[PDB]
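**Q** One structure coming up, written as structure tokens, with questions to follow.
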Amino acid sequence: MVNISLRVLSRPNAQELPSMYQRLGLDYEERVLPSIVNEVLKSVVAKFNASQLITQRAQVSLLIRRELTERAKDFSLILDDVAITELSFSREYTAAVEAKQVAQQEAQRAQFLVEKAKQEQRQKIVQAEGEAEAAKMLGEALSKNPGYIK
Amino acid sequence: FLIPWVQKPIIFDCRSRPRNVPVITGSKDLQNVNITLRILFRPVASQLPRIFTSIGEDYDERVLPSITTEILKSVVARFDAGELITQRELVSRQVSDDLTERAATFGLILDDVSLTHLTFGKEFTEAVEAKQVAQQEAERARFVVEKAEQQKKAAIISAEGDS
Amino acid sequence: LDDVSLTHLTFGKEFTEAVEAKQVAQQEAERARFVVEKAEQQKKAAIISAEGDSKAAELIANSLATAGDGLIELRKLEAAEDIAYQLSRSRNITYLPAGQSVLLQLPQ
Amino acid sequence: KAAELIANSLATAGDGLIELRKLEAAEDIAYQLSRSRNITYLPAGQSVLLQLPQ
């Protein structure tokens, strides 16, 4: 079971108003929206697994948006935006957030270590190069006679 | 001197006035870019009769937004988002010349055209921040290189000195 | 029936014992699993380090090859300096003596 | 198992992989065998507080 709250912004199409009134009535928003939204949301959600809902949410929201738009259009409604808000379980949501927080932090730290390793490797090479050129320079400099080297 | 009911003077302001036109355009990368163009322009004094007859009193509102949006989108499409950050001056110039060319037809002269606030707003901070961090690290790397050179130099001089 | 749920499986004395016992045992399990996974972490770290050095060596060799023999030579010197430092890492600085406080009497 | 994994990783990573892991370990061991840290210095001393007449 997944609890999701969909937020939708909508406006009627100005040209179709007479059709709206005839078919739906003045009450167009209350009668049509909840029905269509529940139907589409259920239909879309059914396709995806719970794990996907968490990672994939942007994809699901767009999918619901497109489907809802198509359905809404027949109603002569225009939807400016459709977004899923609050996907959850009571206790499970909290646990879910905690789990995500922890995993994210560990992953980032892992990258810290890798990055630092890279940095040290680079430092080692640069210093080796530096010493090398320093040696070359020193040797060339010695041209100020052997007393120089001594 | 005017004849009171017969003629009516329409006074236009020749002064340069700033106009900001916000435009949302896509870059070549298909990234959304919000740019507000700042335009300072004024009417050409000799053309006023023509402008009034053709476009009208409100010609600033009618012509400006259209041409500006058209040109800006056309220009922006050419470059990618990364170029927009580095290359900003070039883009502004190109927008300026093309805009001036177009504006001239209508009898408007543009004093200056400049891209202002390449965004979004969240983007202002994120972009600057990201660049800042990169810059700091890069420069520190610079310090490292310089310091290494200095130490190498010191070593050479010391050896010479001992010599 | 809307819902049926067991509530308060007890009794009271044992209830406390039960929770306590659960906690301790679970902690023990926590420790065991944590230690093993951490061992894995160290395992990984060692492997990554080895591969890291590995790549570093490859890169250094490549860089020296480009930079030529002279490059190699003084890298060798740097390394020698490092080795020498590590072999003996210590030193001190000398100072001349400081003084202590005293009272000053001003003459009349 | 760590040894085993390393060996396998080296195999995938090729010869170059093994060589510098070897130098890494060598440096590690050399490091611990002789470890210590010293510091550079900045010379200094107190100054004097002198009152000037006005």
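Please note that chains go A, B, ... in the order of the structure tokens, that every chain numbers its residues from 1, and that ligands are numbered from 1 in the order shown.
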Could you list, as a ChimeraX atom specification, every residue of chain A that has an atom within 12 Å of an atom of chain D, counting only C-alpha atoms?
**A** /A:117,121,124
**Q** Within 10 Å of chain D, which residues of chain C show up when using only C-alpha atoms, listed as an NGL selection string?
**A** :C and (39-40 or 42-44 or 46-59 or 61 or 83 or 85-95 or 98)
**Q** Would you put the residues from that selection into a file with N, CA, C and O atoms, as a CSV table (one decimal), in the first residue's frame?
**A**
chain,number,residue,atom,x,y,z
C,39,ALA,N,34.9,-5.3,8.8
C,39,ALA,CA,36.0,-6.1,8.3
C,39,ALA,C,36.0,-6.0,6.9
C,39,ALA,O,37.1,-5.9,6.2
C,40,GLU,N,34.8,-6.1,6.2
C,40,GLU,CA,34.8,-6.1,4.8
C,40,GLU,C,35.2,-4.8,4.3
C,40,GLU,O,35.9,-4.7,3.3
C,42,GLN,N,37.4,-2.7,5.6
C,42,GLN,CA,38.8,-2.6,5.7
C,42,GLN,C,39.4,-3.4,4.5
C,42,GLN,O,40.4,-3.0,3.9
C,43,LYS,N,38.8,-4.6,4.2
C,43,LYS,CA,39.2,-5.4,3.2
C,43,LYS,C,39.2,-4.6,1.9
C,43,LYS,O,40.2,-4.6,1.2
C,44,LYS,N,38.1,-3.9,1.7
C,44,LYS,CA,37.9,-3.1,0.5
C,44,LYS,C,39.0,-2.0,0.4
C,44,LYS,O,39.6,-1.8,-0.6
C,46,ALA,N,41.8,-1.8,1.6
C,46,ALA,CA,43.1,-2.3,1.3
C,46,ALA,C,43.2,-2.6,-0.1
C,46,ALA,O,44.3,-2.3,-0.8
C,47,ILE,N,42.2,-3.1,-0.7
C,47,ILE,CA,42.2,-3.5,-2.1
C,47,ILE,C,42.3,-2.2,-2.9
C,47,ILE,O,43.1,-2.1,-3.9
C,48,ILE,N,41.5,-1.2,-2.6
C,48,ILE,CA,41.5,0.0,-3.4
C,48,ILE,C,42.8,0.7,-3.3
C,48,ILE,O,43.3,1.3,-4.2
C,49,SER,N,43.4,0.7,-2.1
C,49,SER,CA,44.7,1.3,-1.9
C,49,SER,C,45.7,0.7,-2.8
C,49,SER,O,46.5,1.4,-3.5
C,50,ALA,N,45.7,-0.7,-2.9
C,50,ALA,CA,46.7,-1.4,-3.7
C,50,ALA,C,46.5,-1.0,-5.1
C,50,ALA,O,47.4,-0.8,-5.9
C,51,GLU,N,45.2,-0.9,-5.6
C,51,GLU,CA,45.0,-0.6,-6.9
C,51,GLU,C,45.3,0.8,-7.2
C,51,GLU,O,45.8,1.2,-8.2
C,52,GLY,N,45.1,1.7,-6.1
C,52,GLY,CA,45.4,3.1,-6.3
C,52,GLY,C,46.9,3.2,-6.5
C,52,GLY,O,47.3,4.0,-7.4
C,53,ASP,N,47.7,2.5,-5.7
C,53,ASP,CA,49.1,2.7,-5.9
C,53,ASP,C,49.4,2.2,-7.2
C,53,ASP,O,50.2,2.8,-8.0
C,54,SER,N,48.8,1.1,-7.6
C,54,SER,CA,49.1,0.4,-8.9
C,54,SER,C,49.0,1.4,-10.0
C,54,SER,O,49.9,1.5,-10.8
C,55,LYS,N,47.9,2.2,-10.0
C,55,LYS,CA,47.6,3.1,-11.0
C,55,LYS,C,48.6,4.2,-10.9
C,55,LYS,O,49.0,4.8,-12.0
C,56,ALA,N,48.9,4.6,-9.7
C,56,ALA,CA,49.8,5.7,-9.5
C,56,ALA,C,51.1,5.4,-10.1
C,56,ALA,O,51.8,6.2,-10.7
C,57,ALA,N,51.6,4.1,-10.0
C,57,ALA,CA,52.8,3.7,-10.5
C,57,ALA,C,52.8,3.8,-12.0
C,57,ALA,O,53.8,4.2,-12.6
C,58,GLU,N,51.7,3.3,-12.5
C,58,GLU,CA,51.6,3.3,-14.0
C,58,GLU,C,51.7,4.7,-14.5
C,58,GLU,O,52.4,5.0,-15.4
C,59,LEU,N,51.0,5.7,-13.8
C,59,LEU,CA,51.0,7.0,-14.2
C,59,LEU,C,52.3,7.6,-14.1
C,59,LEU,O,52.8,8.4,-15.0
C,61,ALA,N,55.2,6.1,-14.1
C,61,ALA,CA,56.1,5.6,-15.1
C,61,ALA,C,55.9,6.3,-16.4
C,61,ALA,O,56.8,6.6,-17.1
C,83,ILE,N,62.8,9.1,2.1
C,83,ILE,CA,63.2,8.0,2.9
C,83,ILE,C,64.1,8.4,3.9
C,83,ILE,O,64.1,7.9,5.1
C,85,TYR,N,64.4,11.2,5.4
C,85,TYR,CA,63.7,12.0,6.4
C,85,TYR,C,63.0,11.0,7.3
C,85,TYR,O,63.1,11.1,8.6
C,86,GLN,N,62.3,10.0,6.8
C,86,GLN,CA,61.6,9.1,7.6
C,86,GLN,C,62.5,8.3,8.4
C,86,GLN,O,62.2,8.1,9.6
C,87,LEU,N,63.7,7.9,7.9
C,87,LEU,CA,64.6,7.1,8.6
C,87,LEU,C,64.9,7.9,9.8
C,87,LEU,O,64.9,7.4,11.0
C,88,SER,N,65.2,9.2,9.7
C,88,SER,CA,65.5,10.0,10.8
C,88,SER,C,64.6,11.2,10.8
C,88,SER,O,64.9,12.2,10.1
C,89,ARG,N,63.6,11.2,11.6
C,89,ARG,CA,62.7,12.4,11.7
C,89,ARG,C,62.8,13.0,13.0
C,89,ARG,O,62.2,12.5,14.0
C,90,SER,N,63.6,14.1,13.1
C,90,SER,CA,63.7,14.7,14.4
C,90,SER,C,64.6,15.9,14.2
C,90,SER,O,65.4,15.9,13.3
C,91,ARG,N,64.5,16.8,15.1
C,91,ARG,CA,65.4,18.0,15.1
C,91,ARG,C,65.0,18.9,16.2
C,91,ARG,O,63.9,18.8,16.7
C,92,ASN,N,65.8,19.9,16.5
C,92,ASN,CA,65.5,20.8,17.5
C,92,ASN,C,66.1,22.1,17.1
C,92,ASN,O,67.0,22.2,16.3
C,93,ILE,N,65.7,23.2,17.8
C,93,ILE,CA,66.2,24.5,17.5
C,93,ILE,C,66.8,25.0,18.8
C,93,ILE,O,66.3,24.7,19.9
C,94,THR,N,67.9,25.8,18.7
C,94,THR,CA,68.5,26.3,19.8
C,94,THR,C,68.1,27.8,20.0
C,94,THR,O,67.8,28.5,19.0
C,95,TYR,N,68.1,28.2,21.3
C,95,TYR,CA,67.7,29.6,21.6
C,95,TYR,C,68.7,30.0,22.7
C,95,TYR,O,69.3,29.2,23.4
C,98,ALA,N,66.3,33.4,28.0
C,98,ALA,CA,65.3,34.4,28.3
C,98,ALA,C,65.6,34.9,29.7
C,98,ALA,O,66.5,34.3,30.3
**Q** Range 94-96 of chain B: which residues within 7 Å, counting only C-alpha atoms, same-chain residues fewer than 3 positions away excluded, as a PyMOL selection string?
**A** chain B and resi 71-72+75+90-91+99-100+113
**Q** Taking the DSSP secondary structure from the backbone, can you list the residues of chain D that are helix (DSSP H, G or I), as number ranges by chain?
**A** D: 2-33
**Q** Quick check: residues of chain C within 6 Å of chain A, only C-alpha atoms, returned as a VMD selection string.
**A** chain C and resid 56 60 70 to 71 73 to 75 78
**Q** Selected residues, N, CA and C atoms, written as a short mmCIF file (atom, residue, chain, number, x, y, z; two decimals), in the first residue's frame, please.
**A**
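Saved the output as part_24.cif:
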data_model
loop_
_atom_site.label_atom_id
_atom_site.label_comp_id
_atom_site.auth_asym_id
_atom_site.auth_seq_id
_atom_site.Cartn_x
_atom_site.Cartn_y
_atom_site.Cartn_z
N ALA C 56 48.92 4.62 -9.71
CA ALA C 56 49.83 5.71 -9.50
C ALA C 56 51.13 5.35 -10.13
N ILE C 60 53.03 7.35 -12.98
CA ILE C 60 54.33 7.92 -12.73
C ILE C 60 55.26 7.44 -13.80
N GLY C 70 65.77 12.45 -16.97
CA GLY C 70 66.05 13.44 -15.97
C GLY C 70 64.92 13.44 -14.99
N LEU C 71 63.70 13.17 -15.48
CA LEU C 71 62.53 13.18 -14.65
C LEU C 71 62.68 12.11 -13.62
N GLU C 73 65.36 10.60 -12.57
CA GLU C 73 66.44 10.75 -11.65
C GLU C 73 66.00 11.57 -10.49
N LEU C 74 65.44 12.77 -10.72
CA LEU C 74 65.21 13.44 -9.49
C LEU C 74 64.00 13.01 -8.74
N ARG C 75 63.08 12.27 -9.38
CA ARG C 75 62.03 11.68 -8.61
C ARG C 75 62.70 10.78 -7.61
N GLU C 78 63.99 12.74 -4.80
CA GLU C 78 62.97 13.16 -3.88
C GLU C 78 62.66 12.02 -2.98
#
**Q** Could you name the residues that touch residue 87 in chain A at 10 Å or less, counting only C-alpha atoms, but leaving out those on the same chain fewer than 4 positions away, as a PDB file with N, CA, C and O atoms, in the first residue's frame?
**A**
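Everything below was put into around-v4.pdb:
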ATOM      1  N   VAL A   2       0.511   2.210  -0.825  1.00  0.00           N
ATOM      2  CA  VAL A   2       1.253   3.433  -0.900  1.00  0.00           C
ATOM      3  C   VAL A   2       0.276   4.553  -0.752  1.00  0.00           C
ATOM      4  O   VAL A   2      -0.796   4.544  -1.356  1.00  0.00           O
ATOM      5  N   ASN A   3       0.636   5.555   0.074  1.00  0.00           N
ATOM      6  CA  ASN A   3      -0.217   6.692   0.256  1.00  0.00           C
ATOM      7  C   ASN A   3       0.439   7.829  -0.461  1.00  0.00           C
ATOM      8  O   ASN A   3       1.586   8.172  -0.178  1.00  0.00           O
ATOM      9  N   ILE A   4      -0.275   8.442  -1.428  1.00  0.00           N
ATOM     10  CA  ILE A   4       0.315   9.536  -2.144  1.00  0.00           C
ATOM     11  C   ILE A   4      -0.688  10.642  -2.274  1.00  0.00           C
ATOM     12  O   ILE A   4      -1.882  10.405  -2.462  1.00  0.00           O
ATOM     13  N   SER A   5      -0.217  11.903  -2.174  1.00  0.00           N
ATOM     14  CA  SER A   5      -1.111  13.019  -2.315  1.00  0.00           C
ATOM     15  C   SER A   5      -0.738  13.746  -3.571  1.00  0.00           C
ATOM     16  O   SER A   5       0.368  14.266  -3.699  1.00  0.00           O
ATOM     17  N   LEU A   6      -1.664  13.821  -4.547  1.00  0.00           N
ATOM     18  CA  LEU A   6      -1.308  14.473  -5.773  1.00  0.00           C
ATOM     19  C   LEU A   6      -1.787  15.889  -5.721  1.00  0.00           C
ATOM     20  O   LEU A   6      -2.908  16.168  -5.302  1.00  0.00           O
ATOM     21  N   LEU A  53       9.136   3.826  -6.971  1.00  0.00           N
ATOM     22  CA  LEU A  53       8.419   5.021  -6.642  1.00  0.00           C
ATOM     23  C   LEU A  53       9.355   5.962  -5.949  1.00  0.00           C
ATOM     24  O   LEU A  53       9.223   7.179  -6.076  1.00  0.00           O
ATOM     25  N   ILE A  54      10.302   5.436  -5.152  1.00  0.00           N
ATOM     26  CA  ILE A  54      11.179   6.324  -4.451  1.00  0.00           C
ATOM     27  C   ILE A  54      12.196   6.956  -5.361  1.00  0.00           C
ATOM     28  O   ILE A  54      12.397   8.168  -5.311  1.00  0.00           O
ATOM     29  N   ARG A  57      10.455   8.841  -8.842  1.00  0.00           N
ATOM     30  CA  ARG A  57       9.270   9.643  -8.647  1.00  0.00           C
ATOM     31  C   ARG A  57       9.080  10.674  -9.729  1.00  0.00           C
ATOM     32  O   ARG A  57       7.945  10.969 -10.100  1.00  0.00           O
ATOM     33  N   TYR A  93       7.586   5.921   6.602  1.00  0.00           N
ATOM     34  CA  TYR A  93       8.155   7.054   5.926  1.00  0.00           C
ATOM     35  C   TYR A  93       9.365   7.520   6.668  1.00  0.00           C
ATOM     36  O   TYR A  93      10.401   7.809   6.070  1.00  0.00           O
TER      37      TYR A  93
END
**Q** When distances are computed from only C-alpha atoms, which of A:11, A:73, A:144, A:42 shows the smallest separation from chain B?
**A**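 Nearest to chain B: A:144.
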**Q** So which residues touch range 22-35 of chain A within 12 Å, counting only C-alpha atoms, skipping near sequence neighbours fewer than 5 positions away, as a list in words?
**A**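 Everything that qualifies: residues 5, 6, 7, 8, 9, 10, 11, 12, 16, 17, 40, 41, 42, 68, 69, 71, 72, 73, 74, 75, 76, 77, 78 and 79 of chain A.
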**Q** Output the selection as a CSV table (one decimal), in the first residue's frame - N, CA and C atoms for each residue.
**A**
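So the final result, stored in selection36.csv, reads:
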chain,number,residue,atom,x,y,z
A,5,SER,N,-0.2,11.9,-2.2
A,5,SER,CA,-1.1,13.0,-2.3
A,5,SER,C,-0.7,13.7,-3.6
A,6,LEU,N,-1.7,13.8,-4.5
A,6,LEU,CA,-1.3,14.5,-5.8
A,6,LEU,C,-1.8,15.9,-5.7
A,7,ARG,N,-0.9,16.8,-6.1
A,7,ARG,CA,-1.3,18.2,-6.2
A,7,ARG,C,-1.4,18.6,-7.6
A,8,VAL,N,-2.5,19.2,-8.0
A,8,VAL,CA,-2.7,19.6,-9.4
A,8,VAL,C,-3.2,21.0,-9.5
A,9,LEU,N,-2.6,21.8,-10.5
A,9,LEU,CA,-3.1,23.1,-10.7
A,9,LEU,C,-3.8,23.1,-12.0
A,10,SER,N,-5.1,23.6,-12.1
A,10,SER,CA,-5.8,23.5,-13.3
A,10,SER,C,-6.6,24.8,-13.5
A,11,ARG,N,-7.1,24.9,-14.8
A,11,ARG,CA,-7.9,26.0,-15.2
A,11,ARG,C,-8.8,25.5,-16.4
A,12,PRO,N,-10.0,26.1,-16.5
A,12,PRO,CA,-10.8,25.6,-17.6
A,12,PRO,C,-10.5,26.2,-18.9
A,16,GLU,N,-14.4,26.3,-24.2
A,16,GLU,CA,-15.2,25.1,-24.0
A,16,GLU,C,-16.2,25.3,-22.9
A,17,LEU,N,-16.3,26.5,-22.3
A,17,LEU,CA,-17.1,26.7,-21.1
A,17,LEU,C,-18.5,26.2,-21.3
A,40,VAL,N,-6.4,7.5,-12.7
A,40,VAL,CA,-5.1,7.6,-13.4
A,40,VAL,C,-4.0,7.2,-12.5
A,41,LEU,N,-4.0,7.8,-11.2
A,41,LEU,CA,-3.0,7.5,-10.3
A,41,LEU,C,-2.9,6.1,-10.0
A,42,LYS,N,-4.0,5.4,-9.8
A,42,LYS,CA,-4.0,4.0,-9.5
A,42,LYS,C,-3.5,3.2,-10.6
A,68,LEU,N,-3.0,12.4,-17.3
A,68,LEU,CA,-4.0,13.2,-16.7
A,68,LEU,C,-4.4,14.3,-17.6
A,69,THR,N,-3.3,14.8,-18.3
A,69,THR,CA,-3.5,15.9,-19.2
A,69,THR,C,-4.4,15.5,-20.3
A,71,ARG,N,-6.6,13.0,-20.3
A,71,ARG,CA,-7.9,12.8,-19.8
A,71,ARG,C,-8.6,14.1,-19.6
A,72,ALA,N,-7.9,15.1,-19.0
A,72,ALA,CA,-8.4,16.4,-18.6
A,72,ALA,C,-8.9,17.1,-19.9
A,73,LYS,N,-8.1,17.0,-21.0
A,73,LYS,CA,-8.3,17.7,-22.2
A,73,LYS,C,-9.7,17.4,-22.7
A,74,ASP,N,-10.2,16.1,-22.5
A,74,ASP,CA,-11.4,15.7,-23.0
A,74,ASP,C,-12.5,16.5,-22.2
A,75,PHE,N,-12.2,16.8,-21.0
A,75,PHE,CA,-13.1,17.5,-20.1
A,75,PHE,C,-13.1,19.0,-20.4
A,76,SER,N,-12.1,19.4,-21.1
A,76,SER,CA,-11.9,20.8,-21.4
A,76,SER,C,-11.2,21.5,-20.3
A,77,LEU,N,-10.3,20.7,-19.6
A,77,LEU,CA,-9.6,21.3,-18.5
A,77,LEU,C,-8.2,21.3,-18.9
A,78,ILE,N,-7.4,22.4,-18.4
A,78,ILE,CA,-6.0,22.5,-18.7
A,78,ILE,C,-5.3,22.3,-17.4
A,79,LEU,N,-4.3,21.5,-17.4
A,79,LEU,CA,-3.5,21.4,-16.1
A,79,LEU,C,-2.2,22.0,-16.3
**Q** Between CA of residue 119 in chain A and CA of residue 140 in chain B, what is the spacing in Å?
**A**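 Going from CA of residue 140 in chain B over to CA of residue 119 in chain A covers 12.4 Å.
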**Q** Residues within 12 Å of residue 68 in chain B, please, as an mmCIF file with C-alpha atoms, in the first residue's frame. Count only C-alpha atoms; anything in the same chain fewer than 2 positions from it doesn't count.
**A**
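Everything below was put into part_12.cif:
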data_model
loop_
_atom_site.group_PDB
_atom_site.id
_atom_site.type_symbol
_atom_site.label_atom_id
_atom_site.label_comp_id
_atom_site.auth_asym_id
_atom_site.auth_seq_id
_atom_site.Cartn_x
_atom_site.Cartn_y
_atom_site.Cartn_z
ATOM 1 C CA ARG B 19 13.722 48.330 -20.710
ATOM 2 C CA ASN B 20 14.185 44.916 -19.237
ATOM 3 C CA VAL B 21 12.780 41.980 -21.089
ATOM 4 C CA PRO B 22 12.867 38.705 -19.356
ATOM 5 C CA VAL B 23 13.064 35.788 -21.699
ATOM 6 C CA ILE B 24 13.160 32.087 -21.150
ATOM 7 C CA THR B 25 15.104 30.398 -23.868
ATOM 8 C CA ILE B 35 18.007 35.723 -19.239
ATOM 9 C CA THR B 36 16.794 39.202 -18.773
ATOM 10 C CA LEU B 37 17.999 41.542 -21.426
ATOM 11 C CA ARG B 38 18.572 45.108 -20.405
ATOM 12 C CA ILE B 39 18.083 47.444 -23.291
ATOM 13 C CA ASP B 60 8.101 50.539 -27.352
ATOM 14 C CA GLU B 61 5.761 47.860 -26.075
ATOM 15 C CA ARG B 62 4.778 46.577 -29.468
ATOM 16 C CA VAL B 63 8.136 46.218 -31.200
ATOM 17 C CA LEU B 64 10.685 45.758 -28.429
ATOM 18 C CA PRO B 65 9.535 42.540 -26.769
ATOM 19 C CA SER B 66 9.003 40.845 -30.090
ATOM 20 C CA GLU B 70 13.261 36.636 -31.362
ATOM 21 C CA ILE B 71 16.875 37.673 -31.577
ATOM 22 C CA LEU B 72 17.821 36.512 -28.136
ATOM 23 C CA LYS B 73 16.420 33.071 -28.728
ATOM 24 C CA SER B 74 18.072 32.842 -32.113
ATOM 25 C CA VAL B 75 21.451 33.809 -30.696
ATOM 26 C CA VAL B 76 21.227 31.707 -27.574
ATOM 27 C CA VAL B 95 22.823 40.159 -29.583
ATOM 28 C CA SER B 96 23.602 43.848 -29.615
ATOM 29 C CA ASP B 97 24.612 44.100 -33.229
ATOM 30 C CA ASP B 98 21.794 41.960 -34.533
ATOM 31 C CA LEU B 99 19.315 43.819 -32.369
ATOM 32 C CA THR B 100 20.629 47.183 -33.491
ATOM 33 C CA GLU B 101 20.324 46.145 -37.105
ATOM 34 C CA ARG B 102 16.754 45.075 -36.555
ATOM 35 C CA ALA B 103 15.905 48.081 -34.409
ATOM 36 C CA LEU B 110 19.894 51.234 -28.963
ATOM 37 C CA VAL B 113 22.296 46.050 -24.858
ATOM 38 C CA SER B 114 23.434 43.864 -22.037
ATOM 39 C CA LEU B 115 22.526 40.466 -20.739
#
**Q** Enter the distance from CA of residue 7 in chain C to CA of residue 1 in chain A, in Å, rounded to one decimal.
**A** 23.4 Å
**Q** State, in Å with one decimal place, the distance from CA of residue 44 in chain A to CA of residue 104 in chain A.
**A**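 Straight-line distance from CA of residue 44 in chain A to CA of residue 104 in chain A works out to 28.1 Å.
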